[PDB]
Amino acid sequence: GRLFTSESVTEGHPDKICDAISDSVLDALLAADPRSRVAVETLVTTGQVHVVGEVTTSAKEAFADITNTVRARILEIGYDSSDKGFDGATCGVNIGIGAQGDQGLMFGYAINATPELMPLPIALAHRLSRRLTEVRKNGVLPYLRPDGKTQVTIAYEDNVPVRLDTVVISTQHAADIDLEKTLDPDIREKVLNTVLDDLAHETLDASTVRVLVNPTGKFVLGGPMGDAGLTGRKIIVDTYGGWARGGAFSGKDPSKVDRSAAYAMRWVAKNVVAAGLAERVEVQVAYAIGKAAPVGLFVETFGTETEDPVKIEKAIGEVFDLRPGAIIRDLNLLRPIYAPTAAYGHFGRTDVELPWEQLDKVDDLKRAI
């Protein structure tokens, strides 16, 4: 018997505020200059945002408008009052951005545990955090505020997901809300049960789930208030929830291998599982200084393969071009597509269509096998 826990946070969590600002700046630059080199870090703490780093760009007007891009993103997140702890219209914004082959091993992962081919704990955690935001923004639960966190504990027996053990949903809200009479039943109804009905897991036993809504009580203020956040401090939330395997994504243009190769490996892994070649797979790519193409491409199927792993590797080599320039080309990465990736996970998204989540190589793999 094993327990596995993963978590997700809303776009209002102070670390995720930074990821989104970083990727909003990236997007704004790429929209006007697809060739922009961007490495932009964001810090938030009580009442202030500090955006720093380096860019090379011809998008001078977009660069000039970064301060406005910052405020607009914070307002979109929903921080529009001191009463909520943070206000995009009135907060401090300081900008300190300058403007004028490698050895590596990267991993990607997929598993037939959910429709989106993600491990169950992180998949359910992201579905819950996204729904928590949706019910606030659509006016379903209009007393909600932006900050929030979800945690999912699944009980396993011999690698089989048998029970939904614990779900924790913590959300910011207006001060006059009764936690027991209002928040608890509303969250259970509009967020948890709605998500569980969506997922429609064929075998998971949710009959005795321990559900904890705001277990630490009132959550009136949030975000940077009495706290701090930074870009790239939610890597495990951004990826596989600790289920599978460095370098953060947000604020980096796709020339950063930490981002584009991680994306490429997810794409490969997902297409391999969807091709029915394995129930679960970790794909590793090894790069060497002075070689564009990988020097190694390895598959681990954990005994779940339906073909010899060496043939899976051969098929991947034939179907995918894992040179960095080819990855960027094939995944059409030189576009302002990054702000949405900055909360609710980079992998297994059910609400937006991302290039590295497309099952557009399934038939190619099958034919190549």
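Each residue number is its position in the shown sequence, starting from 1.
In the deposited entry, the stretch joining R245 to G246 is interrupted by 1 to 3 residues of the deposited sequence lacking coordinates. In this entry, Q100 and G101 are separated by 10 or more residues of the deposited sequence that lack coordinates.
On average the C-alpha atoms of 105-113 have higher B-factors than those of the other stretch, with 105-113 and 131-139 being the two compared. In this crystal structure, the stretch out of 293-301 and 198-206 whose C-alpha atoms carry the higher mean B factor is 198-206. Looking at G92, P185, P215, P121, the one whose CA carries the top B-factor in the deposited record is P215. Considering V9, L354, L359, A20 together, the PDB entry gives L359 the largest C-alpha B factor. Annotation for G223: C-alpha temperature factor in the middle third relative to the rest of the modelled chain, per the entry. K314: CA B factor in the highest third of modelled residues in this chain (values from the PDB entry). Ranked by Cα temperature factor within the chain, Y156 sits in the highest third according to the deposited record.
Among the modelled residues of the chain, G78 sits in the lowest third by CA temperature factor in this PDB entry. Ranked by Cα temperature factor within the chain, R145 sits in the lowest third according to the deposited record.
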